[PDB]
């Protein structure tokens, strides 16, 4: 049930809603009003997915797929068997996600720590809403959102990207891939460092952070520090996702042509625009 040091922390209080009505655990899980909320949404949406599984005539996971309304219904409602189910599931999905975040907030208040976690979560939720809600409403049709299927949604990606040629050419999609690639390099090193310090050569004394900072100077000439590196990772992460919601919010809205052609503004610059030779002309 409890971790050896858990009891002193399980005091009452912290809840945003319901006072103490739902202030209590269930095994290791904390509940709280929002814990109920998310349960409600999560269950409901699962039922609907099962319902959708019948209309499609299959219970196979690699096949089930709740597609959104066809483009003809614009942003209006649609029949259950033809996009309606997706719209309701999207709602439960979002209801579940918000409740979950708000749940971490209560868990935050009870433990007396900072709200960085829930806060960071919200960025993920945001990326999700971009793809299923903001981009579609801005393109006037639920049909632009992605389908809920293991591979079908992968298709949505493939096709959506190729609709504009090599999507690699999306400037914001380029910045995003940078934070993603970086976050992992960063992550790989932070863990490698801390561990190499707490697990020195066999028989040696547990190194100190001073050895950690030394190692990075002896190597690259600079060391961001124990607090900095934790600041850095959070940043890279959220950045990579921020540039990801961006890159898509613009695709199909402000810009709907080939992504490669967007790069001509550069080459057309008067100065080099007409010069002969080189790659362009």
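Residue numbers count along the first chain shown, from 1.
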query: Higher-B stretch (mean Cα B-factor, as the entry records it), 69-77 or 89-97; finding: 69-77
query: Stretch with the higher entry mean CA B-factor, where the candidates are 178-186 and 131-139; finding: 131-139
query: 32, 61, 228, 28, ranked by C-alpha B-factor: the highest one; finding: 61
query: Third of the chain's Cα B-factor distribution that residue 246 belongs to, per the entry; finding: middle
query: Ranked against its chain, the third holding the CA B-factor of residue 271; finding: highest
query: Among modelled residues of the same chain, the CA temperature factor third for residue 45; finding: middle
query: Chain third (lowest, middle, highest) by recorded CA B-factor, residue given as residue 259; finding: middle
query: Chain thirds of CA B-factor: placement of residue 168; finding: lowest
